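Note sheet for the following structure.
There are 2 protein chains.
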Amino acid sequence: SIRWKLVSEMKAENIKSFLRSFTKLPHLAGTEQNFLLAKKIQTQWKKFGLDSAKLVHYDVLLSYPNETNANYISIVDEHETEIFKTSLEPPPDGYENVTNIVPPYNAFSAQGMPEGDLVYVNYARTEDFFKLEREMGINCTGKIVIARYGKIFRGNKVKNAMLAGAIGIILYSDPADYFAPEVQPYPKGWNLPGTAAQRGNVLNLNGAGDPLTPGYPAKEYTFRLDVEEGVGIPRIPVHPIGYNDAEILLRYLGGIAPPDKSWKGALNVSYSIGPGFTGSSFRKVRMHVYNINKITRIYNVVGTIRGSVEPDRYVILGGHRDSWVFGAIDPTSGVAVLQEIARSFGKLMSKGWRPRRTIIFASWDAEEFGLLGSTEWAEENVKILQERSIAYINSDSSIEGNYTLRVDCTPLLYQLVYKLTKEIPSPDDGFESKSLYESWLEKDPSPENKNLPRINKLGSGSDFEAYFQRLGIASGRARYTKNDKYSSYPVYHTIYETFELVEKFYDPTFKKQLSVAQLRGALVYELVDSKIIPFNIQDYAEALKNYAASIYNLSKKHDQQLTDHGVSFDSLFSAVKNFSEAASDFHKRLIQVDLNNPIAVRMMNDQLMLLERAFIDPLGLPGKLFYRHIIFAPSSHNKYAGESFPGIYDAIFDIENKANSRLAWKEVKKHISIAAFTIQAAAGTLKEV
Amino acid sequence: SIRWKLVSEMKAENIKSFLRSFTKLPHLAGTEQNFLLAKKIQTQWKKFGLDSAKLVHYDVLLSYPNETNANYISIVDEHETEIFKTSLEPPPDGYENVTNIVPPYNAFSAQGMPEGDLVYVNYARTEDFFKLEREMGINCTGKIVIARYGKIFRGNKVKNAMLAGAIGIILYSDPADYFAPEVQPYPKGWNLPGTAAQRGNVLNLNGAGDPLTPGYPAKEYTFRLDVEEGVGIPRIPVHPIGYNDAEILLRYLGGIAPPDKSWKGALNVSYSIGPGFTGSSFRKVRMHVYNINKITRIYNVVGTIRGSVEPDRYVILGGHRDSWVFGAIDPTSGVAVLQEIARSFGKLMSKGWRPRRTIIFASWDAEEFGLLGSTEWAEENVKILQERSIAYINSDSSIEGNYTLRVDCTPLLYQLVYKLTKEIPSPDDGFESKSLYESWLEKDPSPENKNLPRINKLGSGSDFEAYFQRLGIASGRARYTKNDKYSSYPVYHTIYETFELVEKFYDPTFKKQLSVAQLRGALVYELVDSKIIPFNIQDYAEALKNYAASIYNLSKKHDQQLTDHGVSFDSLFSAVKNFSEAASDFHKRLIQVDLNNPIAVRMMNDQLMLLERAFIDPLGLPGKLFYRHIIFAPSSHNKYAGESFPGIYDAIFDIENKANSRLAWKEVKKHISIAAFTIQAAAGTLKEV
Ligand SMILES: *[C@@H]1O[C@H](CO)[C@@H](O[C@@H]2O[C@H](CO)[C@@H](O)[C@H](O)[C@H]2NC(C)=O)[C@H](O)[C@H]1NC(C)=O
Ligand SMILES: *[C@@H]1O[C@H](CO)[C@@H](O[C@@H]2O[C@H](CO)[C@@H](O)[C@H](O)[C@H]2NC(C)=O)[C@H](O)[C@H]1NC(C)=O
Ligand SMILES: *[C@@H]1O[C@H](CO)[C@@H](O)[C@H](O)[C@H]1NC(C)=O
Ligand SMILES: *[C@@H]1O[C@H](CO)[C@@H](O)[C@H](O)[C@H]1NC(C)=O
Ligand SMILES: *[C@@H]1O[C@H](CO)[C@@H](O)[C@H](O)[C@H]1NC(C)=O
Ligand SMILES: *[C@@H]1O[C@H](CO)[C@@H](O)[C@H](O)[C@H]1NC(C)=O
Ligand SMILES: *[C@@H]1O[C@H](CO)[C@@H](O)[C@H](O)[C@H]1NC(C)=O
Ligand SMILES: *[C@@H]1O[C@H](CO)[C@@H](O)[C@H](O)[C@H]1NC(C)=O
Ligand SMILES: N[C@@H](Cn1oc(=O)[nH]c1=O)C(=O)O
Ligand SMILES: N[C@@H](Cn1oc(=O)[nH]c1=O)C(=O)O
Ligand SMILES: [Ca+2]
Ligand SMILES: [Ca+2]
Ligand SMILES: [Cl-]
Ligand SMILES: [Cl-]
Ligand SMILES: [Zn+2]
Ligand SMILES: [Zn+2]
Ligand SMILES: [Zn+2]
Ligand SMILES: [Zn+2]
């Protein structure tokens with residue numbers, strides 16, 4: 046009943062009004078406007094009747110362009126004359143009086159003015175650089191590389207380019223990846239204009255949080271690394287340009303033809319690889336990048352509704368509010384959703400309801416600079432969060448497309464997600480009498496089971512990362528997305547993410563955003579109020595069987611080497627079998643618990659709460675102290691994607707090219723052994739005696 | 046009432062019979078006799094009525110002499126003729143038919159036959175090597191060094207000798223340190239004969255457990271490091287000799303006179319330092336050490352009495368049973384105590400009692416080889432132990448001397464220790480109508496408070512180490528000790547630790563051993579059965595104030611450098627003040643808890659249980675992944691001693707001699723900041739909201 050009142054109280058029109066109110070001005074992390082927005086959210090939470098709503102600050106390293114030394118890329122001739130220089135642009139229609147839009151840049155780029163020959167490196171993925179070096183005869187050492195955005199997180203591209211020896215990397219938005227067919231560019235449609243460039247940071251933090259204070263919250267007194275030693279800071283310049291400018295740089299590239307169609311984007315240029323130019328005054332490319340890194344105060348808003356029975360157990364509903372410009376999709380659509388969820392919980396409170404456990408609401412700052420606000424607060428509060436948290440539900444963008452739902456969560460949460468989506472009306476045209484679960488199932492069926500909707504593994508990409516990958520708190524993300535060959539959505543991280551874009555092109559009725567609010571809010575409600583925490587551990591058992599089969603299958607091409615080096619997956623399969631038995635027995639006992647015996651209920655709830663924690667190894671993964679989950683990690687090739695059995699996967703990846711096979715296969719054996727132990731230990735936490 | 050029945054049921058005569066029964070034969074780890082002893086303990090626990098008693102095994106690296114390539118030290122002349130060779135000895139009187147006594151050796155010594163000039167290095171402490179190099183003009187590089195046992199753990203001596211460049215280290219027992227005045231050598235008295243040598247391992251494990259499997263339990267499937275990479279294995283030979291042989295080696299040392307009386311032991315030799323000989328055929332010293340390292344199965348016995356109310360909360364009573372020879376003091380006096388405690392808990396069970404929480408009884412194997420059995424079981428069971436354990440009470444030697452009690456424990460346990468000692472009769476002559484607390488107070492008053500008995504900080508030395516220093520489980524150790535300039539007790543780790551030694555010289559009535567059994571058992575009982583866990587966190591607050599003053603005082607000699615490098619202790623003192631306030635508030639709330647509300651009681655018990663855990667940093671201390679407690683660690687100079695604020699202490703130690711002062715002071719700032727954060731976080735765990 047109460048769940049229905051929570052869901053039914055939420056209104057599309059309220060989400061619309063919140064979104065309009067938060068998207069009139071830019072709200073970049075570390076700027077006065079994003080502090081004002083924090084205070085507005087805080088005022089609203091107090092009005093809604095939350096028990097607390099406080100600003101919690103940190104002083105973390107941020108990065109901004111230098112207003113008096115603007116960044117650019119140029120082409121010079123052999124006489125050092127600048128022949129072309131990249132450029134810039136007015137605010138979107140209606141925003142003419144907005145004066146502090148940050149120009150395009152890649153936060154945390156190194157400073158410098160490298161000059162050299164240009165080489166096109168496709169998406170700058172690991173496989174693209176392998177191809178260049180191993181198949182194409184191209185040496186990127188000492189070159190400036192140009193890569194198209196898309197497919198993977200941009201910091202991975204920069205890491206890859208550094209490894210390949212490039213001295214600078216230019217990123218651009220190819221219309222193949224950011225221009226949907228038969229749609230007009232903004233403002234007439236929702237596509238990316240050729241003058242616009244995508245902002246975004248290019249760190250490789252691997253879960254560290256503020257670069258200067260890995261492991262510990264960035265308080266006033268806190269020891270800071272020297273900036274030159276900041277974690278994840280790239281060592282070459284990086285800058286983004288739009289496709290009009292990229293076309294000019296790519297047009298006269300010479301050398302080898304593109305190797306196959308998968309390397310050719312959509313511009314009217316050959317997509318030859320370089321190095322060097324042909325057919326032109329075009330002689331060398333230069334970058335000039337002089338962004339400033341500076342310690343800057345950021346502010347989270349953290350509020351609570353204290354539990355009436357288990358105040359020392361938490362469900363976290365957290366979403367970022369900092370944007371690159373107006374951020375009407377990212378994150379402000381999620382900011383509006385979070386406010387409407389908080390308002391609805393306040394309405395329940397007004398009629399005398401209080402949750403069983405405690406809800407923590409959080410509006411995070413500086414997500415765009417490396418998940419900084421959410422990570423520093425996890426670092427501050429780790430001791431209470433790791434011993435008391437039930438789950439983390441994110442509230443970043445709600446409306447990245449208008450096709451269907453996309454959910455990423457731990458297997459613990461699959462059952463609850465499917466249950467709740469069955470009870471929320473579908474917002475989709477043609478599904479007027481059906482549930483969200485029904486439309487989602489039709490539009491995105493699971494590859495492993497055709498009669499369930501797809502749910503993806505957690506890697507990174509938003510503020511749940513430290514909660515799940517470092518602390519082992521069950522996490523979930525849900526939002527509307529596209530069906534569509536473009537990456538993200540066309541105007542992602544540009545000036546064109548405006549309220550008008552969302553209202554006109556994405557979700558005019560706000561019904562799709564409403565459905566996402568209802569699901570996020572209902573997840574928090576069931577996790578915080580149910581007497582027995584609504585996880586299912588047998589779904590985790592089945593997931594482990596799938597992951598074990600997958601990593602074993604990846605090893606088959608090396609079967610002879612497994613034999614010769616005495617590598618076996620037997621202990622991993624044995625642990626998975628033992629875990630399946632323990633999970634079955636646990637659920638058999640759980641249905642017998644005496645619901646009227648509070649300590650009996652609390653003991654089994656502690657087993658449900660602590661199961662995800664069992665997968666966290668304090669030693670971390672190789673080279674990555676802050677990714678500690680043995681079953682999942684963000685991919686080392688693309689932090690946006692989750693990878694299963696990451697220690698094993700990274701040990702076996704490209705193993706045939708390792709210099710020392712005996713050493714390489716011993717590392718595979720190491721990670722197989724760690725994974726077998728960790729699963730067996732997790733199974734041990736479920737045992738009755 | 047029940048506590049009194051537990052204590053009063055224990056009998057001195059039963060401890061005596063157990064001790065006699067377990068000390069007839071050697072019971073070295075990894076040998077058949079110590080497996081037989083495990084099975085005997087298991088049979089007894091089942092007879093006593095424990096709910097379970099199982100053998101839990103691991104396969105870990107152990108080290109033994111080679112029966113067909115005996116170790117020795119020799120002196121050769123310039124013609125390579127052996128002039129002297131160290132030797134060996136019959137079993138003690140009454141043990142003539144015992145055939146498998148392991149000869150003296152230092153387990154895990156490197157193999158080799160180094161030859162060189164000899165140098166005497168006193169106790170081979172850090173300060174002894176500083177003196178040699180910085181004051182005395184002695185260069186130990188390329189020398190064989192001879193050090194007397196005592197003052198510090200022998201593995202620290204070996205680490206120090208390796209750092210100083212020695213190519214081998216001979217250890218010996220000087221009568222200054224192992225021969226008590228006016229006492230006869232065994233068998234006529236309890237002193238060390240000149241033919242006897244002290245066994246013991248010489249690893250530098252820093253909490254790792256089995257050298258081949260740091261971090262993970264050594265199961266059948268487990269990945270193992272290559273033996274050459276085993277953690278803590280020294281790289282030079284080490285071998286122990288008795289004082290008759292050491293006298294021969296020291297007699298003709300030449301070079302500089304001993305620098306002061308603190309370098310001169312008690313033998314009739316000059317204690318000149320070397321290098322080299324004078325006044326003799329004595330030309331060079333050789334070692335010949337060829338012990339075998341081999342993976343060997345070890346067995347813990349692990350038993351339980353399941354709790355009736357909180358079966359998912361644990362109090363661990365653990366003690367080792369492996370010895371070097373008969374081990375009548377170490378550990379077998381503790382083995383006999385543990386059996387008598389288990390028997391008494393069984394007697395309570397026979398009359399219908401069951402504890403509130405679960406007792407775990409453990410008889411550990413291979414403590415003498417590096418705390419191996421207890422550490423591998425902590426590594427196996429870490430996920431349940433870290434989330435559920437209340438405390439660990441050790442049960443190693445009970446009777447290291449006959450003067451008074453020595454207790455080492457976390458501040459959480461001070462109040463309970465004082466309470467229980469007031470209710471146990473003193474076994475001491477002259478104290479027939481007084482409590483153990485009263486005799487202990489008279490004989491060993493605390494330096495920080497003259498009206499309380501001394502309680503020491505926890506470092507290492509026995510099986511509590513991983514539980515406290517890695518996992519943050521409140522731990523305590525209690526035993527009888529000496530008053534007395536000798537180190538340990540004279541026959542420590544020799545063939546002469548016999549039942550006859552204990553009965554004739556240490557505790558003929560067994561009353562002192564009985565008092566230790568009563569205290570260990572009463573500690574387990576109160577921790578496992580009290581509705582509210584009996585810790586006091588204000589005592590921890592007071593301890594932190596003392597430790598903060600101590601480390602700040604140590605910094606005063608560097609006051610100018612603190613100023614010049616911007617180093618301040620302000621945040622540490624601020625955290626300590628905040629912790630004191632939080633601990634006061636917590637106890638003010640604790641007295642108000644509704645004892646009839648099980649969830650209210652469980653929430654506050656979880657805060658008491660999880661407070662010690664808050665001090666554990668998963669990143670570890672510098673260079674030491676497995677010492678994680680920020681308030682205490684085993685000293686880096688002597689693992690037997692506890693050091694407070696170890697990260698700060700090691701950063702400031704000898705700082706005036708660091709090559710780079712800017713870098714060195716930044717590391718001091720780092721560790722001050724980590725300590726301030728950790729204390730503030732621990733304070734946060736106590737907060738109500
Ligand atoms: C899964 O549980 C089984 C049964 O407890 C474990 O099987 C034991 O495996 C060891 C070898 O590692 C054998 O010595 C025992 O005989 C096995 N007992 C059986 C089959 O009853 C197995 O090790 C567990 N898996 C893991 C990864 O711990
Ligand atoms: C101890 O608690 C006090 C009070 O909450 C903290 O004091 C704040 O300290 C910061 C500087 O670090 C100031 O900006 C605030 O004005 C202080 N507030 C006060 C004095 O009311 C103090 O930081 C805490 N200590 C630690 C180590 O976290
Ligand atoms: C911005 O660039 C100008 C011109 O190079 C320079 O003088 C100034 O120091 C820069 N600002 C910062 C904070 O580095
Ligand atoms: C890459 O090119 C650079 C040119 O300086 C050279 O140092 C390096 O060895 C080359 N590597 C390959 C694989 O060609
Ligand atoms: C939104 O949905 C409408 C109706 O299906 C469709 O025409 C449009 O392309 C979708 N918009 C976006 C931005 O994907
Ligand atoms: C013991 O030493 C003998 C003589 O050197 C040798 O032949 C044998 O291999 C050694 N045993 C082991 C296990 O190394
Ligand atoms: C120690 O003596 C060795 C002799 O080989 C030498 O290498 C080293 O530099 C000397 N150090 C000091 C402090 O005398
Ligand atoms: C044991 O106590 C007696 C009586 O005080 C004393 O003479 C003897 O030295 C003590 N024994 C040991 C081994 O310290
Ligand atoms: N969501 C942002 C921030 N970004 O996401 C991560 O996972 N790390 C990181 O900095 C982006 O994609 O730029
Ligand atoms: N207690 C034993 C074992 N030893 O104690 C440690 O603390 N480490 C270690 O190996 C000894 O002192 O030889
Ligand atoms: Ca930090
Ligand atoms: Ca191990
Ligand atoms: Cl989200
Ligand atoms: Cl002990
Ligand atoms: Zn976002
Ligand atoms: Zn973003
Ligand atoms: Zn011992
Ligand atoms: Zn010992």
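From first to last, the protein sequence lines are chains A and A'. A prime marks a further copy of an entry chain.
Read in order, the letters of the first sequence are residues 46 to 132, 134 to 326, 328 to 530, 534 to 739 in the entry's author numbering.
Read in order, the letters of the second sequence are residues 46 to 132, 134 to 326, 328 to 530, 534 to 739 in the entry's author numbering.
Virtual Cβ for every residue (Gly too), placed ideally from N, Cα, C.
Does any residue of chain A' have a CB that is nearer than 8 angstroms to the CB of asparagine 428 of chain A? yes
Examine ligand 5 and report whether any of its heavy atoms sits within less than 7 angstroms of the Cβ of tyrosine 542 of chain A. no
Using a threshold of 7 angstroms, is the CB atom of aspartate 377 of chain A' nearer than that to any non-hydrogen atom of ligand 18? yes
Using a threshold of 7 angstroms, is the CB atom of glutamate 415 of chain A nearer than that to any non-hydrogen atom of ligand 16? yes
Element boundaries [alpha helix (DSSP H), containing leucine 64 of chain A']: 57 to 67
Between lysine 581 of chain A and the rest of its own chain, which residues show a CB-CB distance below 8 angstroms, the 5 nearest in sequence each way excluded? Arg403, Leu645 and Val651
Say the cut is 7 angstroms; is the CB of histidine 367 of chain A nearer than that to a heavy atom of ligand 15? yes
State the DSSP-derived secondary structure class of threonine 324 of chain A', mapped to helix, strand or coil. coil
Pair within 8 angstroms by beta-carbon distance, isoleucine 601 of chain A and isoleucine 698 of chain A: yes
With a 10 Å radius around its C-beta and 16 neighbouring C-beta atoms as the bar for buried, classify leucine 713 of chain A as buried or exposed. exposed
Within its chain, find whatever has a CB closer than 8 angstroms to the CB of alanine 312 of chain A; leave out the 5 residues flanking it on each side and keep chain order. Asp220, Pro221, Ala222 and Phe225
May I have a chain-ordered list of the beta strand (DSSP E) segments no shorter than 3 residues that lie completely inside the segment 369 to 444 of chain A'? 404 to 411 and 436 to 441
Which whole-angstrom value is the C-beta distance of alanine 383 of chain A' and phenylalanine 67 of chain A', which I expect to be below 8 angstroms? 6 angstroms
With DSSP run on the structure shown, which of helix, strand or coil describes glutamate 123 of chain A? coil
Interface residues of chain A' around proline 668 of chain A at Cβ under 7 angstroms? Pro668
Runs of 3 residues minimum, wholly inside the segment 227 to 303 of chain A: which ones carry the beta strand (DSSP E) assignment? 284 to 287
How far does the beta strand (DSSP E) with residue 327 of chain A in it reach, from first residue to last? In the model as presented, chain A runs from 326 straight to 328, which leaves residue 327 of chain A without coordinates.
From the DSSP output, in three-state form, read off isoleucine 345 of chain A for me. strand
List the residues of chain A' whose Cβ lies closer than 8 angstroms to the Cβ of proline 263 of chain A, in chain order. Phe727
Got a sec, what are the start and stop residues for the beta strand (DSSP E) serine 108 of chain A sits in? 97 to 109
Any residue whose CB is nearer than 5 angstroms to a heavy atom belonging to ligand 1, listed in chain order: A:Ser621, A:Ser624, A:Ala625, A:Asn628, A:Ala726, A:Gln730 and A':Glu266
Given the structure, does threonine 187 of chain A' come close to ligand 7, in the sense that its CB is under 7 angstroms from one of the ligand's heavy atoms? yes
Do the segment 167 to 183 of chain A and the segment 203 to 222 of chain A make contact, defined as three or more Cβ pairs closer than 8 angstroms? yes
Rounded separation between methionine 55 of chain A and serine 62 of chain A - CA only: 13 angstroms
Hey, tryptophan 487 of chain A and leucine 452 of chain A: beta-carbon distance below 8 angstroms or not? yes
Rounded separation between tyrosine 109 of chain A and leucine 658 of chain A' - CA only: 46 angstroms
Could you confirm whether any beta carbon from chain A is found closer than 8 angstroms to the beta carbon of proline 494 of chain A'? no
Threshold first: 4 residues or longer. Then list the alpha helix (DSSP H) segments lying entirely within the segment 593 to 640 of chain A, N to C. 609 to 614 and 620 to 640
Can you tell me whether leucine 661 of chain A is helix, strand or coil according to DSSP? helix
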